[PDB]
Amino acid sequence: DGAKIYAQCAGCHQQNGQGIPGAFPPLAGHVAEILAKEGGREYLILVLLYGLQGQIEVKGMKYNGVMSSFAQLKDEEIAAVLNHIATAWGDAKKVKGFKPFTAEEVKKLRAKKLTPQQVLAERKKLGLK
């Protein structure tokens, strides 16, 4: 399930999803912020498929690291971990009528390979600083 896949994330983003200041952004309380944006859910898929780099802001704090791609995970595994990060800490409550992630959303986005630099560009397209 989603919780089991999340073990591959917890070393950085932590068991409680709160991250580590300066090093690894929080997911708890922050996934809702991303989901609130038009293109937010697609963006979360792109991070897992293609990784991320560059300076970003989360809860007013700056991060300047690199996340690897997790494209070795199957479409259903990516859908599962994304549902875990959306629900484990109540981020999906804040979002009106949240539909769970599904394999076909990941499949669709696997069809157009991006670089981590392009993923950052996508994040900025959301209105996120």
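Numbers follow the displayed sequence, beginning with 1. Only the largest set of C-alpha atoms that superpose within 1.5 Å between the two forms is called the rigid core.
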property: Comparing 91-99 and 61-69 where Cα RMS over structures and residues is taken in 4 other deposited structures of this protein (core fit), larger one; result: 91-99
property: Higher-deviation segment by CA RMS in 4 other deposited structures of this protein, core fitted, 6-14 or 108-116; result: 6-14
property: Mean temperature factor over C-alpha atoms, higher-scoring stretch between 94-102 and 66-74; result: 94-102
property: Greater mean Cα temperature factor according to the PDB record, 115-123 or 7-15; result: 7-15
property: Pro26, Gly60, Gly40, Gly51, ranked by C-alpha B-factor: the highest one; result: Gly60
property: Among modelled residues of the same chain, the CA temperature factor third for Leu35; result: middle
